[PDB]
Amino acid sequence: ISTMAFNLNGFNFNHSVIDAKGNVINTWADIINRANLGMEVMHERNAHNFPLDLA
Amino acid sequence: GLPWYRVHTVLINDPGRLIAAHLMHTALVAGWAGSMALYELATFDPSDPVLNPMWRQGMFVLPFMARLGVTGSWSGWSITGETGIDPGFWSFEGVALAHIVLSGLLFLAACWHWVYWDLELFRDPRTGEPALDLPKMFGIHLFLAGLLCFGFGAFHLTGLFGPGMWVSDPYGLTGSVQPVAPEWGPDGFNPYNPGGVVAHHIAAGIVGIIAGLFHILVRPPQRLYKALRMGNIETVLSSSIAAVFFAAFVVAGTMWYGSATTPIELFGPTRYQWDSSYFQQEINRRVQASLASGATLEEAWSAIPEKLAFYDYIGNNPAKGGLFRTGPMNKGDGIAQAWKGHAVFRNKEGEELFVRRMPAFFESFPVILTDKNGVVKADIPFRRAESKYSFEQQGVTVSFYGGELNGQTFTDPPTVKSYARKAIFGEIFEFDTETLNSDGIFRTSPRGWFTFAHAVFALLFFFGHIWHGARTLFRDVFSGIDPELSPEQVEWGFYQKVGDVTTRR
Amino acid sequence: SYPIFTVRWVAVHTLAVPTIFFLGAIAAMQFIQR
Amino acid sequence: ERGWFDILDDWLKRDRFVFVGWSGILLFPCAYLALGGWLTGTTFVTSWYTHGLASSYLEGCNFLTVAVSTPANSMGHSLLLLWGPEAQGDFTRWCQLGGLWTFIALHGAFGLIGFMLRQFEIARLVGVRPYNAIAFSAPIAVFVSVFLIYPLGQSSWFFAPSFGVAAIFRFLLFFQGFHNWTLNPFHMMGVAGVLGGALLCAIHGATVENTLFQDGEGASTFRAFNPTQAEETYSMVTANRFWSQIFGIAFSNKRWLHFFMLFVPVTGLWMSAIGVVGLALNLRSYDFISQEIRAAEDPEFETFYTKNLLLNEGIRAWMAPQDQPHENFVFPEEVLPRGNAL
Amino acid sequence: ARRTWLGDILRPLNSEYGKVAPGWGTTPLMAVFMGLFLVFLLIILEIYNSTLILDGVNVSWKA
Amino acid sequence: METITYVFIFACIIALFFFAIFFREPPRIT
Amino acid sequence: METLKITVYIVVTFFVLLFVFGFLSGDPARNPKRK
Amino acid sequence: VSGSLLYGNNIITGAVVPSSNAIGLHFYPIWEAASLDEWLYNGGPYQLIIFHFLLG
Amino acid sequence: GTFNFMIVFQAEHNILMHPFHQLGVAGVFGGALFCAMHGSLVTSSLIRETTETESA
Amino acid sequence: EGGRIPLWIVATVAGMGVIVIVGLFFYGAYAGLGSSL
Amino acid sequence: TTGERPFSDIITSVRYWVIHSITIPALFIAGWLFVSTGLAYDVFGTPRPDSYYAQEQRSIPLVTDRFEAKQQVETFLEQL
Amino acid sequence: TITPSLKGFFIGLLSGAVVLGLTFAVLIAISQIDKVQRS
Amino acid sequence: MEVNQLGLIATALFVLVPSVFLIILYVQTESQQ
Amino acid sequence: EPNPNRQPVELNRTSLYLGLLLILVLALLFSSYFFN
Ligand code: CLA
Ligand code: CLA
Ligand code: CLA
Ligand code: CLA
Ligand SMILES: C=Cc1c(C)c2cc3nc(c4c5[nH]c(cc6nc(cc1[nH]2)C(C)=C6CC)c(C)c5C(=O)[C@@H]4C(=O)OC)[C@@H](CCC(=O)OC/C=C(\C)CCC[C@H](C)CCC[C@H](C)CCCC(C)C)[C@@H]3C
Ligand SMILES: CCCCCCCCCCCCCCCC(=O)OC[C@H](COP(=O)(O)OC[C@@H](O)CO)OC(=O)CCCCCCCCCCCCCCC
Ligand SMILES: CC1=C(/C=C/C(C)=C/C=C/C(C)=C/C=C/C=C(C)/C=C/C=C(C)/C=C/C2=C(C)CCCC2(C)C)C(C)(C)CCC1
Ligand SMILES: CC1=C(/C=C/C(C)=C/C=C/C(C)=C/C=C/C=C(C)/C=C/C=C(C)/C=C/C2=C(C)CCCC2(C)C)C(C)(C)CCC1
Ligand SMILES: CCCCCCCCCCCCO[C@@H]1O[C@H](CO)[C@@H](O[C@H]2O[C@H](CO)[C@@H](O)[C@H](O)[C@H]2O)[C@H](O)[C@H]1O
Ligand code: OEX
Ligand SMILES: [Cl-]
Ligand SMILES: [Mg+2]
């Protein structure tokens, strides 16, 4: 918690696995990502005016 | 003295007081059954088996009475919607009174056995110590159980001397108690074939009679006697608990999946019937056959029974509930009054559009309308600024066929949207939400509650099995290990075979 | 007079053998390119 | 001449490096196959046909992302036996259909049975009371409720946990979004039993280590203990005074202490299993009805409970299309729940 | 201890506490019935599960 | 009613703490 | 508010001085063995 | 955001709510507020609690 | 509120995929496990000092 | 037979083996499959 | 102890290393070749980087039928 | 008739009996050859 | 807040029934010789 | 008269306190769900 406080975060394997053409092959890390996105876009729903949540 | 969690251990050496405690427990359980049936009868509305059946009303014991042939009241009604019936003594009310009277007689017997505990019958004639011959008791009880099981199958379920059991068609529209013949072929092992249940009880009964005679006449092997501690009544508690958790799991599973012994008119529909759109497929079949034989759309939808449409509604799915959302399903969505009819949605071009239905997993669900090939054509947007598919932009309308709203068409976008929000739940009904002050939030049926309580209790009885098994097999070390336990028996190197002093090095 | 075939020896090999095979397979995979 | 049964018993119960016993005949093969099936699947086997995911080192996943994934939803609760009617004896197809999921789950279940039978078997031979077996009923209740009962209540094995590190994380987050499982008091009792157990483990180990008797000259104090010594190695009297003065209460009975250490985390796991039996049926602690009535009528009423529900609504909408591919969900951008900007 | 009419009649049914058949007795036969019961449970499970599918046995409300 | 109930249970727990501490069964070394 | 502030500043100062002076008052010596 | 029992919470939903984002990391004792009413609005109790708790 | 903090933290940091949180889970799951193990092993081996009608 | 190859060397060599194979796996996180590239 | 030779005696002996300096590398190389020859793909039915999708589809070959899932996979594979 | 799944059922049943039969034959044999000394 | 009307009686009996059970047992333990 | 299977029962002070803490804490936990 005390190092994520300074935004050094968990591993990000989002789109890490790619096929011969360059299609993304999802892993269970990508499905976590979808869940995280749902939390992200909904939290503090009237507090963000700009597109990145930088803190 | 004894700690609180061991008080009942005073009964281990006291057969007469054990029997009394058993009689007390039996009196309590039978008094619960009577009390429960009376409460249900005081609250059950019998006026509408179509849209207000028992399983909408939080009825738990009523369906059990019905399953085995008790379907009428002394006040003149039957659960299939008959009037002027004479059930005889064995109405719901007679069954509840019988259980109350039994409870009372069992309570009196408990008193006699508690006071006259020291009967010569419970003493070993050779030692004068209290003693029960548990192997022979087993055979006597198994013989008795086999007889009852056989007779239940041969006389009650067949109708030969008894009423039969509840059976229905595959869509749960015309259920009734009927005599049922045994199925002796392989289809008897199909959970959905009622003749299997009859055959089960005839065959398993005969088997119990035979094994029972076996167990009355042949003593256990010394080897099994010692290993299962057959002189210790606690061994019987252990194995009995195991059998009971097995059986509790089986009744949970057949309640949740459905079988010939868990009909939909008594316990409600299953969650799987929503999953596979079972009722919707049959509805659409009947409508297409109507259409193929000449009918208008109005006529074809108007020929669908309200009862069939009601099964095609997620508010009757048992997987929609909540652990602390208490009471009958009627407390949530309301008391169903009537089918509104089948809603057909169309855009401005007049193409038919289909509301995407809510799966059981989702407490809330968006409103999305597709054409017949699954292409999205309309929706209810969250963000509006980049909306492309709103009902206003696509000119969505709704027309109703069958039911109350038959022949009506709505074009006001808020109204069409309101009906689309109901369409995620399947077919649309009118409900009375006032009589019970319904809150609008879905509850499970007796199928869901039964299933929950039996799965939980079965899991907890696993711990009981392990606990009492352990106590049985480790009785000698219940208060601790031998104070002068040999260090050689537990150290390594000394005995060649673990725990055998005769294998010393 | 220490024996070689023992239950322990068998137990060790049921794990050690596949483990080394698998580690070779996974080492190879590190050179696979899409 | 003694009988063959008794001769086999001797041999099964020989004191060896790895005890075997009669329990060993169930335990060893089921444990070995569960573990080998997991190592095989995570190393070599895909989930493309069941989930549309890569799941093995072969495909490029790492230790965090590999898994043996559940079968497709259309499999229902099929046993999915190698020789069953889905795979029909074809090993390759079996793998592609998720047959290793049921293989690992069922051999793992029989192996846990064998492990607890081992605990009873060894306890009996050495002459101790079988509390360790009894404590192990908790891990069993958890495995059975979560890997078996939960999916049996749901549509299919698909919604069981898949055997993998990231896959399990997904299972956590699904439970928050769909079941609001953090709100469930049976989960809450589980948390108290696990964190309370970890608290007891730390506090008890630390207390004994800081009330030790000086029984040696070493500054490193581990050598000053002998297993066969009759005497307590640490002072219960001093430990008791310390905690009585620091916290207000203290243990004074060592038998009660050690029993309580069994009781707390075993009871907690058992409570958590009961909650998951409820979730098998979607019988959730999802809502507080009174909160909903107020919030619906009063648009200025907000609590942390209503906030968390907005998060759950986000999780379900954003995850369901990829997490539930058999549903063929298409959620146009315009229907997705989002706050401002993000 | 107290004698009663019904206790006197039942007395022989609670008179063989501790009585065993020699050695292994009917154990092997018990084992065969256990084995058979196991196969029976496996059959009725596999039928319900649709892993064992039999002619004329449609595991659905439509039979 | 609900607030009174939650506060009442809490208050009982705080009282229990006081008795469990100051009116404990004294640890006796003999 | 100004009075609340002063009161709390005095209270805090008092306990802090107890802590500092208390620990300066022969603390190593307050143990059951070598002093 | 309502945190307290008397303002519509139960034991599971209730909380002492963190101090306002407008404050940030600024020290917000009682004597920084123009009134107890302001102090309550802006989440003053959270800071008093957590600072005394971490110290204690 | 604690659950709210947890869910947002997962959104913003992917805590579940952070090895220190993973060490935390091994710490508490393992503390619970060894808690039950130790309790059960010591309890298994209590010296007989009491009769069947008394708590050990 | 015996104690010819000292245990400290066995330990050191086997430990270095483990480091090499694990190091190789970390290399692979950045090249080929799973590299995101 | 239980009678088996100490591990420390075994793994510091020359005989152990004569045997295992052959068996260990051999097994490693065999596992390597299991992957390098492509055989692993075909035993387990795992797609190669070029076989997740046909050239112009972006539809996953999800199995949708319990009893002819075997054939659905067969057909999904013929259509690459 | 014998459906393909009933034939599969028999195959699973035979396979299981073989694994068990072989496991017990081998352990019985080993136990007979490799006896515990009671001296 | 529109709470369930049985919540009060349920909570009250949940506390009182087992609590009084324990009190009964405690007091009659103290009154033993 | 005289049943020889009778035994006194006990609950010591500490057990009372532990049991009351369990009950009260369960009540504090479950009450919110009972009021709903
Ligand atoms: C298996 C038993 C069972 C089942 C399945 C049902 C099912 C049903 N009953 Mg019946 N009922 C039962 C037993 C049962 N009842 C008993 C024994 C009684 C006498 C009390 C009743 C009296 C009764 C009444 C008076 C009513 C019903 C009604 C109903 C319906 C709604 C149920 C509901 O809302 O539950 C809600 C369930 C819960 C809120 C879950 C409770 C979980 C508890 C609190 C857990 C406690 C945990 C514990 C403290 C932790 C220990 C921890 C420790 C070890 C550390 C439903 C059909 C209602 C109705 O619709 O009837 C027409 C109705 O009015 N029932
Ligand atoms: C047929 C089922 C059955 C029977 C007859 C027994 C009988 C017994 N048990 Mg076992 N037990 C069982 C199932 C059973 N148990 C199950 C399912 C579990 C796991 C939950 C256990 C776990 C267990 C443990 C852990 C222990 C026993 C012990 C005992 C003995 C003393 C019990 C006593 O004095 O309690 C006195 C109980 C009270 C004064 C109050 C209990 C109140 C409970 C906790 C809540 C309210 C209960 C409510 C009325 C239940 C309704 C019924 C329910 C099924 C719906 C006694 C031989 C004890 C023993 O071995 O002593 C040597 C012991 O330590 N049992
Ligand atoms: C104790 C060891 C043990 C146990 C308990 C299991 C248990 C299981 N195995 Mg595993 N297995 C084992 C060891 C074990 N296995 C070993 C050593 C191997 C390597 C050979 C395997 C390889 C394996 C595979 C490859 C698979 C399983 C599967 C299974 C499952 C179904 C088994 C089945 O239906 O058998 C049915 C058989 C029996 C129950 C034996 C009954 C014998 C009775 C008592 C006598 C009847 C004999 C009869 C008269 C013979 C004549 C028949 C005639 C009519 C033709 C189950 C979880 C399947 C599974 O996991 O699918 C997901 C699966 O595909 N096992
Ligand atoms: C403070 C935070 C916290 C804490 C302490 C807990 C604690 C718990 N959680 Mg909760 N959880 C949390 C937050 C938390 N959770 C949050 C915020 C969420 C989001 C909703 C969840 C979602 C969640 C879910 C979805 C589940 C839990 C479950 C649990 C229980 C897991 C018990 C266990 O050890 O299972 C571990 C597994 C077992 C004990 C099974 C047996 C395992 C055998 C013995 C393993 C043998 C391994 C073998 C030797 C091979 C190893 C090989 C090696 C290579 C890997 C436990 C009570 C579970 C539960 O309730 O279970 C009933 C569960 O399903 N939680
Ligand atoms: C994630 C949590 C967790 C793990 C991994 C775990 C693991 C373990 N617990 C054991 C014991 C115990 N656990 C206990 C209480 C607890 N255990 C807890 C939580 C866990 N316990 C908790 C919270 C408690 C408190 C109640 C007790 C009291 C014991 C023991 O006595 C025993 C022991 O000896 O510990 C030292 C050992 C059982 C050995 C065994 O069965 O071998 C045989 C292996 C078998 C039968 C195979 C199991 C296969 C599993 C079920 C399914 C497949 C698993 C895959 C191989 C791996 C998938 C990995 C992904 C999910 C990432 C093992 C080390
Ligand atoms: C971070 C963890 C901290 C650990 C704390 C320290 C104490 C606990 C030790 C942890 C584990 C390491 C072991 C001690 C390490 C130690 O002290 O070394 C000493 C020990 C024995 O070495 P020796 O050379 O003296 O060999 C003597 C014996 O082999 C008998 O002659 O080595 C082993 O045990 C080898 C382990 C591999 C054996 C694997 C065989 C396969 C067995 C399968 C298991 C099944 C059992 C479960 C039933 C299903
Ligand atoms: C004596 C007599 C009589 C009478 C009788 C009577 C009147 C009876 C009654 C009875 C009754 C009237 C009974 C009742 C019972 C009940 C019960 C027994 C109950 C129980 C319950 C329970 C156990 C519960 C539980 C729970 C809860 C509470 C919560 C939820 C969960 C549960 C479910 C767990 C006569 C005249 C005949 C004559 C002879 C004599
Ligand atoms: C499934 C199946 C089966 C079986 C198989 C088997 C039994 C297998 C096994 C397998 C195995 C048995 C494998 C193994 C592998 C292993 C591995 C892969 C390992 C790795 C490792 C590592 C990588 C390490 C790391 C680490 C750690 C852990 C800690 C310390 C540090 C370090 C980092 C070093 C059969 C045929 C019957 C049938 C069908 C199906
Ligand atoms: C030793 C400490 C014990 C503390 C006990 C304190 C009780 C004595 C003070 C009573 C003050 C509470 O006064 C409170 O005021 C506001 C008016 O603006 C009310 O207004 C409130 O109504 C509802 C009540 O469910 C709330 O959900 C809502 O968030 C709020 O608008 C509260 O309902 C009322 O109860
Ligand atoms: O505040 Mn509480 O949560 Ca940390 O990120 Mn930015 O800010 Mn708000 O959004 Mn996301
Ligand atoms: Cl938020
Ligand atoms: Mg790579």
Side-chain angles (χ1 to χ4, degrees), chain A residues 39 42-45 47, chain B residues 2-12 21-22 25 28-29 233-234 237 240-241 244-245 453 457 460-468 470-471 478, chain D residues 31 34-35 38-39 42 108 111-112 115 134 136-147 149-150 161 163 165 168 171-184 186-195 197-198 265 268-277 279 304 307-308 310-311 339, chain H residues 1, chain I residues 2-8 10-11 16 24-25 28-30 32-33 52, chain M residues 17-18 21 25, chain N residues 9:
Chain A
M39 304 168 210
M42 290 307 295
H43 86 298
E44 296 168 359
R45 73 208 165 283
Chain B
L2 284 177
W4 69 269
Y5 54 85
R6 300 182 186 160
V7 292
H8 294 157
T9 59
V10 294
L11 297 174
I12 282 166
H22 290 174
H25 183 268
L28 289 165
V29 174
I233 193 170
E234 196 159 13
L237 184 51
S240 295
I241 292 176
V244 156
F245 80 73
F457 290 150
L460 291 173
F461 270 56
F462 170 69
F463 182 87
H465 167 56
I466 287 314
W467 175 260
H468 284 295
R471 293 234 324 147
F478 187 68
Chain D
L35 177 63
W38 184 72
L39 294 163
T42 50
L112 293 170
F115 194 85
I134 282 160
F136 196 71
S137 64
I140 295 215
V142 171
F143 181 81
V144 169
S145 56
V146 174
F147 289 82
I149 297 172
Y150 174 76
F163 294 104
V165 163
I168 278 281
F171 191 80
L172 310 172
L173 300 186
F174 184 101
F175 267 52
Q176 175 56 45
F178 290 84
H179 294 307
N180 206 17
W181 175 221
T182 46
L183 206 77
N184 190 300
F186 290 96
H187 187 249
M188 289 167 170
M189 291 189 288
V191 169
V194 166
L195 299 180
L269 260 65
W270 266 92
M271 291 308 98
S272 69
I274 292 169
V276 163
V277 177
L279 301 190
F304 280 105
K307 288 167 57 78
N308 291 334
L310 289 164
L311 305 177
Chain H
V1 172
Chain I
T2 289
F3 305 147
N4 184 263
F5 176 85
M6 292 172 94
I7 296 159
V8 177
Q10 171 58 20
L16 289 167
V25 168
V28 309
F29 277 175
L33 188 186
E52 223 190 3
Chain M
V17 170
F21 164 68
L25 286 193
Chain N
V9 177

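Within every chain, numbering begins at 1; the chains are lettered A, B, ... in the order of the sequence lines, protein sequences first and strands thereafter. Whatever order the structure lists ligands and atoms in, that order sets their numbers, starting from 1.
The CE atom of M39(A) lies 4.5 Å from the CG atom of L173(D); values are rounded to the nearest 0.5 Å. For the atom pair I466(B) CD1 and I241(B) CD1, the distance stands at 10.5 Å (nearest 0.5 Å).
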Next item on the list: Evaluate the side chain to side chain contact (heavy atoms under 4.5 Å, CB included) criterion for residues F463(B) and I134(D): first the C-alpha distance (whole Å), next the side-chain angles of each, then the deciding distance (0.1 Å), finally the verdict.
Entry: CA-CA 8 Å; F463(B) 182 87; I134(D) 282 160; 3.9 Å; yes

Next item on the list: Given side chain to side chain donor-acceptor pair (under 3.5 Å), test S137(D) with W467(B) step by step and report yes or no.
Entry: CA-CA 10 Å; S137(D) 64; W467(B) 175 260; over 6 Å; no

Next item on the list: Could you go through the side chain to side chain contact (heavy atoms under 4.5 Å, CB included) check for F175(D) and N180(D) one step at a time?
Entry: CA-CA 6 Å; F175(D) 267 52; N180(D) 206 17; over 6 Å; no

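The contact set between ligand 2 and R6(B), taken as ligand atoms under 4.0 Å from a residue heavy atom, comprises 34 (O), 61 (O), 62 (C). Heavy-atom proximity to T9(B), at under 4.0 Å, picks out these atoms of ligand 2: 61 (O), 62 (C). Atoms of ligand 2 found under 4.0 Å from any heavy atom of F463(B), numbered from 1 in the order shown, are 19 (C). Each of the following atoms of ligand 2 lies closer than 4.0 Å to a heavy atom of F461(B): 17 (C). Of all atoms in ligand 2, listed by their number and element, those nearer than 4.0 Å to a heavy atom of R471(B) are 60 (O), 62 (C).
Under a 3.5 Å cut-off, the side chain of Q176(D) and the backbone N or O of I7(I) do not form any donor-acceptor pair.
Ring pair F174(D)/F178(D) is parallel by interplanar angle, where below 30° counts as parallel and above 60° as perpendicular.
With a 4.0 Å cut-off on non-hydrogen atoms, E234(B) does not touch ligand 2 at all. Contacts between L460(B) and ligand 2, counted as non-hydrogen atom pairs separated by less than 4.0 Å, involve the backbone only.
Ring centers of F3(I) and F304(D): at least 6.0 Å apart, outside the cut-off. For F461(B) and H468(B), the ring centers are positioned 6.0 Å apart or more.
In terms of polar-atom proximity, defined here as any N/O pair under 3.5 Å, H8(B) does make such a contact with ligand 2. When only interatomic distances are considered, the shortest N/O to N/O separation between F21(M) and ligand 2 does not fall below 3.5 Å.
Partners of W38(D) by side-chain hydrogen bond (donor to acceptor under 3.5 Å, both in side chains), not counting sequence neighbours: none found. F147(D) pairs by the ring pair (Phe, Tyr, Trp, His ring centres under 6.0 Å) definition with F143(D), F163(D), not counting sequence neighbours.
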List, for ligand 4, each N/O atom that has a protein N/O partner under 3.5 Å away, with both atom names and the distance.
| from | atom 1 | to | atom 2 | distance (Å) |
| --- | --- | --- | --- | --- |
| ligand 4 | 9 (N) | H187(D) | NE2 | 3.4 |
| ligand 4 | 11 (N) | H187(D) | NE2 | 3.2 |
| ligand 4 | 15 (N) | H187(D) | NE2 | 3.4 |
| ligand 4 | 65 (N) | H187(D) | NE2 | 3.3 |

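Put simply, the side chain of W270(D) reaches to within 4.5 Å of the side chain of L460(B), judged on heavy atoms. You'll find the side chain of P161(D) reaches within 4.5 Å of the side chain of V146(D), heavy atoms only. The shortest side-chain heavy-atom distance between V276(D) and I149(D) does not fall under the 4.5 Å cut-off.
Within the sub-2.8 Å shell of atom 10 (Mg) of ligand 2, the protein contributes these N/O/S atoms: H468(B) NE2.
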